[PDB]
Amino acid sequence: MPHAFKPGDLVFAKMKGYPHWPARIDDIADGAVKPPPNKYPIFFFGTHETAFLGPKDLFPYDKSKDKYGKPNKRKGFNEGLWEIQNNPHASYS
């Protein structure tokens, strides 16, 4: 059965106005800004942007890839698909 989300989990993450987007739950570095309560730091592959989201917007990647893992014209998306499939735990700083 499912656990709660933890750092390193792979997802598609949903933001208003954007397609479900390949992403990971990030760690929070020592000294770095923490998310608001009940929110996770989401790193978006391809764009390399961070936003804070709750579970309602997080779709586990394995379950969801058949639906959401297709090319999209949006900037950074297809780069993001490569990253989540081929090196999802790398440093992209």
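Residues numbered from 1 in each chain as written, not as in the entry; some residues may be left out. Heavy atoms only, no water. Residues with missing side-chain atoms left out of burial classes, pairs and counts.

Naming follows the PDB entry, where the protein appears as Hepatoma-derived growth factor-related protein 2 of Homo sapiens.

Colleague: Help me out: how do you make sense of the overall build of the protein in this one?
Modeller: For the protein, the count of helices and strands is two helices and five strands. Against the 2.2 N^0.38 benchmark of 12 Å for 93 residues, the protein shows a C-alpha radius of gyration of 13 Å, consistent with a compact globule. Taking the principal axes of its C-alpha atoms as reference, the protein extends roughly 35 × 35 × 25 Å. The long-range share in the protein, meaning contacts at least 24 apart out of those at least 6 apart in sequence, stands at 49%. (Helix = DSSP H or I, 4+ residues; strand = E, 2+ residues; numbered from the N terminus. Rg over C-alpha atoms; globule rule 2.2 N^0.38 Å. Contact = heavy atoms within 4.5 Å.)

Colleague: Please clarify how the nonpolar core should be interpreted in this entry.
Modeller: As a rule of thumb, soluble globular proteins bury nonpolar side chains together. With 20 residues, the main nonpolar core has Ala-13, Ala-23, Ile-42, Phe-44, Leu-53 and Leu-58 as its most contacted residues. Broken down by secondary-structure element, the contributors of at least two residues to this core are β1 (10–13), β2 (21–25), β3 (40–44), β4 (50–53), α1 (61–68) and α2 (77–86). Residue contacts for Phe-44: discarding those within four places in its chain leaves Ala-13, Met-15, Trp-21, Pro-22, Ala-23, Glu-49, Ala-51 and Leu-53. (Core = buried A, V, L, I, M, F, W, Y, C linked by side-chain atoms within 4.5 Å. Buried < 20%, exposed > 50% of the residue type's maximum accessible area, 1.4 Å probe, protein only.)

Colleague: Where do I start with the sheet that holds β3 in this structure?
Modeller: The strands that make up a sheet are held in pairs by hydrogen bonds between backbone atoms, and each pair lies either parallel or antiparallel. Pairing in this open sheet of five strands is antiparallel, and the strands run β4-β3-β2-β1-β5 from one edge to the other. Single-partner strands in this sheet number two, and they are β4 and β5 (58–60). Each strand of the sheet is rotated relative to its neighbour by a mean of 45°, with strand direction disregarded. With four bridges connecting them, β1 and β2 associate as antiparallel partners. Across the sheet, residue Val-11 finds its bridge partner in β2, namely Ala-23. In the packing of α1 onto the sheet, the strands contacted are β1 and β5, and the crossing angle to β5 comes to about 100°. (Pairing = 2+ DSSP bridges. Axes fitted to C-alpha atoms, helices over the stretch in contact; angles between N-to-C directions.)

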